[PDB]
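Colleague: Before I ask anything, here is the structure I am working with.
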Amino acid sequence: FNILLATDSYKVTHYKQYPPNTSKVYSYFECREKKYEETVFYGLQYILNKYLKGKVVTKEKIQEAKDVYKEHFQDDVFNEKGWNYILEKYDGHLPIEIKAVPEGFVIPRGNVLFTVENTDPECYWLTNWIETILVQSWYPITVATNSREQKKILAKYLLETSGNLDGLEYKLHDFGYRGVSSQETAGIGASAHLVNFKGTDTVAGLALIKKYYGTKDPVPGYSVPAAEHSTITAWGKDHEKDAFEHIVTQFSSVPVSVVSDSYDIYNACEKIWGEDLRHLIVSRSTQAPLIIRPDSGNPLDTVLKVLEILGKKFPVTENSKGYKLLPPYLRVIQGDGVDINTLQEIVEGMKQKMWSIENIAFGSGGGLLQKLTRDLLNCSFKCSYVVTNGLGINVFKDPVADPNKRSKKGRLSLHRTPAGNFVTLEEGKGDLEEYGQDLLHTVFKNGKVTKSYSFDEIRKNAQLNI
Amino acid sequence: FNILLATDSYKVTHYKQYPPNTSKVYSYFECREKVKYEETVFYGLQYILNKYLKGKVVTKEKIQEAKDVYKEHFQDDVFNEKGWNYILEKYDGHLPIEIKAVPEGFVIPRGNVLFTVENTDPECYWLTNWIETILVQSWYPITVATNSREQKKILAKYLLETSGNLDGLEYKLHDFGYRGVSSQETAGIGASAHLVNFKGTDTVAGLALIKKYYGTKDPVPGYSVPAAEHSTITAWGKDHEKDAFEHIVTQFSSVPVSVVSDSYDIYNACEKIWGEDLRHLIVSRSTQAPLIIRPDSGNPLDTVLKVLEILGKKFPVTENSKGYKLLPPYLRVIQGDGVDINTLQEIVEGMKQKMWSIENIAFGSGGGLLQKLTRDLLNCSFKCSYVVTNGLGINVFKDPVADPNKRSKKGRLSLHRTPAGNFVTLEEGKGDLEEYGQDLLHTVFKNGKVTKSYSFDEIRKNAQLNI
Ligand SMILES: C[C@@H]1CC(=O)N(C2CCCC2)N=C1c1ccc(NC(=O)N2Cc3ccncc3C2)cc1
Ligand SMILES: C[C@@H]1CC(=O)N(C2CCCC2)N=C1c1ccc(NC(=O)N2Cc3ccncc3C2)cc1
C-alpha cells in the first residue's frame, strides 16, 4: 500500500490551487442532515492503524508515485518536494492531528464527527490529500447505523409479542460475505454489523475486530451448522428427505439451519419435517432446535404460510402476551430478500397474525452489507477553516440550488446541550466555554494513534435505550 | 490472508452434509435470467485466482489458526482439520481444483455458464463449494464492467446522433468513486472494471491492480487532468471566487482544467465570472487545454441545460453538420453529481431535445459507478449442477415452487456459439455430442496454477461495442 497513490487523482494537483501563504487547512466530517436521525460512529480506528499511522512515506513510495502520475497526467504535477519534506523532517510520519467522537457513539445527523488539520505549515496540502481514505469511514458508519435501525425494529416487535428482549442480539444474522464488493469490505462490513449483533457467517469480520479493536471474549461473533442448496440437492431430487435426516442426525446436539425450498418449501414443512421426519424433530433439545430456512417467494407470504403449516403439525403454545409460539425445538429463519423495509413488513405481518417474533430470525446479505451508499447518510468531508498570511478565515460552500449541501463555518467542537443532547459549535465559539468541554478527542497526531476503543466499549456506546 | 477463514461459516460444516461416497462436486456461475441488462462483461476472475487461490494457500499454521477460531465461533469442533491436512501433505497446500471460464472481456447474454469449478481429487469433494464465497465476489467487477459498458452504449448512441462520430467516447464517463466505495480493495477492483470500457479515472487504486494482475502495452490504463474541489475554491474566501478561478486556470494554462463552479452560485459563476470577468483567459485557451466547467448541485438535467444556455449566450456557439449547437473547443462541461445510468440517459436525451451536441458534455460518476450496485442486479449466482456418488454421475439442481427464476441448470455444462452467432449453454453433458463448435470455457486454474491469462489490452478488445 502507498498512501501517495491512495487519493483522488485531482488532489495530486491541489497544492498549486490553495491561496499562496496558506499555513493551515482544517476540515471536518459529518453525516449531513436533510428516517436515519442518528448515526453510529464506527470504523475510523481501523483506517488510522491500517493506513495512516507510522512511517507511511519512503524514497521508493515517492518515486513510484512520481512515475505513475507523470504517465497518468501526461505531465509532472506531482508534489515531490512536499512529500520529500515529510520523509526528511518526520521520518515519513504524517504531520496531521485528527479529533473524533468516541467509536460506538450515537450522534444525531448534522454534527461534527471528526476534524483533520496539518500540524506543520508546509503540509497545508496534506489535510485534504487524506479526504478520500478517511471518507471511506462512510461504509462502517452506514452498516453500523442500518444494522442498529433493524435492531430497534426487532426490539419493538419482540418486546410487544414476548414481553422481553431474550435472543435480540441473534435476531439478524450476516449472510453478506459473497454479496459484498471485496474481501476487505467483507471484514469492515461484518465488523460494523457485530457492533449491534453477535450472529455472523462473514468470518472476515472476526480477525479485523481482534487485530484493530479487541474483545474480552475469544470471538465477537458466532454461528451454527447450516445446509445450502448444494448439500440438499446433491442427494438427488427424489431424496430430499434423506438429505434432511442425514443433516439433522449429524448435528443432533447443536442448532442446525436447513434450507427447505429446494423443490417445494410447503411440502417440505408439512410432509417431510411435519410427518416423515417429525420424530427426529420433537426429540431435539431446546439448546439444539431445527431452524427451517425458506429462501424464495414473497418473504412475508412465505413466512406466514410456513408458520401456519408448522403450527398445525407441531404443538403450538400461547405465550403470556397472547402470541403463538412453536415448541422450543423448532424455529424459522427468513434469509432471502431481507432488508430494513422487508424486515419491518415481516414482523408487522407476523404480529397481525398473532405469531411471536420469538419464532423467527433473519439472515441478510446484500441488504445488510452491500445495498448502501455514501448518499444514504450524506457522509461528507469539507474544509471549514484556513490560515493565509497568518490570519484565520471561516470557509464554507453554500450552493444556491441545494441548501442541504451548505457546509459548516470555521473551527468546530461537539458539546452537550443543557437538555443532554448534542450541538456542533461553529466559528471557534467552543472557546467561549458556554457549553463546557469539546466531546471530540485527539485520536491521531504526528503519525501516532493517541486514543483507542475496544470493541466492548464500542458495543456499550451503541446499545439501544429500551 | 487465510483461505480457511475466507468462506461463509456454514460451509465449514458442509463436508458432513453431502451424500456419503461423493467423489465429485461440480458447480457453475451464471448471471441468471429474469430496465433489462441483457448481456454481461465477464471480468475479474483472474484477479481472484492470482491474489487468493494460486500456489501454497494451506500451511500448518493456517490450519491451527482456523481450528482455534472455529472452536470458539461454533462453540463446537466441526472444522475439517483432516481434509485440509490432506491438501497440505498431498499437494503442498495447492488446491486440487479445476476452473474453466469464458475469456475475460467476453460479452455473454444472461442465463449462460461463465465459469465452472470442480475438485480434481475425490477426497476434496467438499472444496468446490468452500470457494463459492470468494469466487462469487466476481459479481462486483462483472456488474461494474457491465453497467459501465451499458452507459458507454447510451453515450455512443447520443454522440453518434448529435455529432456524426464517436470521437472522445472513451473519455465521456470519468470515475469519481474512490471516496464513495466500501474499501481500498473495492476501489482498485471497481476502478479496473470501469477502465475495461473507458480511459478516464480519478480512482488511482485501479492502475496498480491492472499493472500487477492484467498488464497493458501503454504505461498506464487510465488518465486524468488537474481539477479543483470546493476546498481549493472556498479557501480563498467567499468574496474571492474570481481570484480562485483566475489563479487555477493560470496555473494549468496548457492542460485541460476542470473547475467546480457551484460553491456559491453556479449560474452567477458561468454568466458573470467565466462569461464576463475571466472571459479573456478562457477564449485564449488551446483546443488541447479547454476550461471544463463543473456544476455539482441541483437537478442534474435542469442544471446542465441552464449552464449550457448561459454559456451559449456568453461564448460563440457553432451549429455542427447534424444541426446541434457546439460550444467553442476551449470550453466544455462535466456533470459529476448525481450521475448514474438512469440520470445519464435523462441528461443526454434532455440535451438532444434542446439541440445541444453530446460533444459539449462529459460525466463524472462516483457512487453510481462503483457502489450503487448489488449481486441481485444481474442475479450473479453459483450452484452445484453435477455430483458423482458411488461412482455414478447425477444431474442436480434447485427448482423452488414459488420462484421459477431461481431454477438452476442440470449436469455438466459447456458454452457454444449458435449457427446464428449467439451463445448457448448445453446441459446434462450434451456438449460431449459435438453438435456445436468447441466449448468456449477454457481451463484458467488447475491444481494451484493459473493456466491461462489475458492482458488488459485483450479484455478491452473483447469488451468493445459492435459498431
Ligand atoms: C438465528 C439462529 C438463532 C440463534 O440464536 N443463533 C445463535 C446461536 C449462537 C450462534 C448464533 N443462530 C441462529 C442461526 C440460524 C441460521 C444460520 N445460518 C443460515 O441459515 N445460513 C448461513 C448462511 C450464510 C450465507 N448464505 C446463507 C446462509 C444460510 C445461522 C445461525
Ligand atoms: C471530461 C474531460 C474531457 C477529457 O477528455 N478528459 C480526458 C483528457 C485526457 C485525460 C482525461 N478529461 C476530462 C475530465 C474532466 C474533469 C476531471 N476531473 C474532475 O472534474 N474531478 C475529479 C474529481 C474526482 C472526484 N470528485 C470530483 C472530481 C472533480 C477529469 C477529467
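Count begins at 1; order follows the chain as displayed.
Header lists the method as X-ray crystallography, 2.1 Å.
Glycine residues also receive a Cβ, built from the backbone N, Cα and C atoms like all the rest.
Per Swiss-Prot, phosphotyrosine is recorded for A:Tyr170. Look at Swiss-Prot and you will find A:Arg178, A:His229, A:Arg293 tagged as diphosphate binding site. Per Swiss-Prot, beta-nicotinamide D-ribonucleotide binding site is recorded for A:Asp201, A:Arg293, A:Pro294, A:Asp295, A:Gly335, A:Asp336, A:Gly366, A:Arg374. Residues annotated as phosphoserine in Swiss-Prot: A:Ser454.
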Colleague: Would you kindly determine which recorded positions in the set A:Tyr170, A:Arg293, A:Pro294, A:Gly335, A:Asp336, A:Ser454 have their Cβ under 8 angstroms from any Cβ of chain B, listing them in sequence order or replying 'none'?
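Modeller: It is none; no candidate comes close enough.
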Colleague: List those of the recorded positions A:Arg178, A:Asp295, A:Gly335, A:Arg374, A:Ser454 whose Cβ lies under 6 Å from any atom of ligand 1, in sequence order, or write none if there are none.
Modeller: A:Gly335
Colleague: When the Cα of the residue listed as 'phosphoserine' is compared with the Cα of each of the binding-site residues A:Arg178, A:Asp201, A:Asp295, which one is closest?
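Modeller: Minimum Cα distance from the residue listed as 'phosphoserine' across A:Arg178, A:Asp201, A:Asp295 lands on A:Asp201.
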Colleague: Could you tell me which of these binding-site residues, A:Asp201, A:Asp295, A:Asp336, has the greatest number of Cβ atoms within 10 Å of its own Cβ?
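Modeller: When each Cβ's neighbours within 10 Å are tallied, A:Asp201 leads.
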Colleague: Tell me whether A:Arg293 (diphosphate binding site) sits in a helix, a strand or coil according to DSSP.
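Modeller: For A:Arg293 (diphosphate binding site) - judged by DSSP and reduced to three states - the answer is strand.
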Colleague: Quick one: 10 residues missing from A:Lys34 to A:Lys35, so how many Å between their CAs?
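Modeller: Cα-Cα distance across the unmodelled segment: 10 Å.
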Colleague: When the Cα of A:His229 (diphosphate binding site) is compared with the Cα of each of the recorded positions A:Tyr170, A:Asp201, A:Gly366, A:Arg374, which one is closest?
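Modeller: Spatially nearest to A:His229 (diphosphate binding site) by Cα position is A:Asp201.
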Colleague: Per DSSP, to which secondary structure element type does A:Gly366 (beta-nicotinamide D-ribonucleotide binding site) belong, with helix, strand and coil as the options?
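Modeller: SS state of A:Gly366 (beta-nicotinamide D-ribonucleotide binding site) = helix.
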Colleague: Could you list the residues of the same chain, at least six apart in sequence, whose Cβ is under 8 A from the Cβ of A:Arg374 (beta-nicotinamide D-ribonucleotide binding site)?
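Modeller: Result: A:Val135, A:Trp138, A:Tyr139, A:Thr142.
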Colleague: Near the Cβ of A:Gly335 (beta-nicotinamide D-ribonucleotide binding site), how many other Cβ atoms are there if near means within 10 Å?
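Modeller: Taking all protein chains shown, A:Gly335 (beta-nicotinamide D-ribonucleotide binding site) has 22 Cβ neighbours within 10 Å.
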Colleague: To the nearest Å, how far is the Cα of A:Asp336 (beta-nicotinamide D-ribonucleotide binding site) from the Cα of A:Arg293 (diphosphate binding site)?
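Modeller: Answer for this pair: 9 Å between alpha carbons.
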Colleague: Suppose we draw a 10 Å sphere around the Cβ of A:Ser454 (phosphoserine). How many other Cβ atoms does it contain, all chains included?
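Modeller: Taking all protein chains shown, A:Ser454 (phosphoserine) has 15 Cβ neighbours within 10 Å.
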Colleague: Tell me the coarse DSSP state (helix, strand, coil) of A:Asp201 (beta-nicotinamide D-ribonucleotide binding site).
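Modeller: In the DSSP reduction, A:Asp201 (beta-nicotinamide D-ribonucleotide binding site) maps to coil.
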Colleague: So how many other Cβ atoms are close to A:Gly366 (beta-nicotinamide D-ribonucleotide binding site), meaning within 10 Å of its Cβ?
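Modeller: For A:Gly366 (beta-nicotinamide D-ribonucleotide binding site), the 10 Å Cβ neighbour count is 22.
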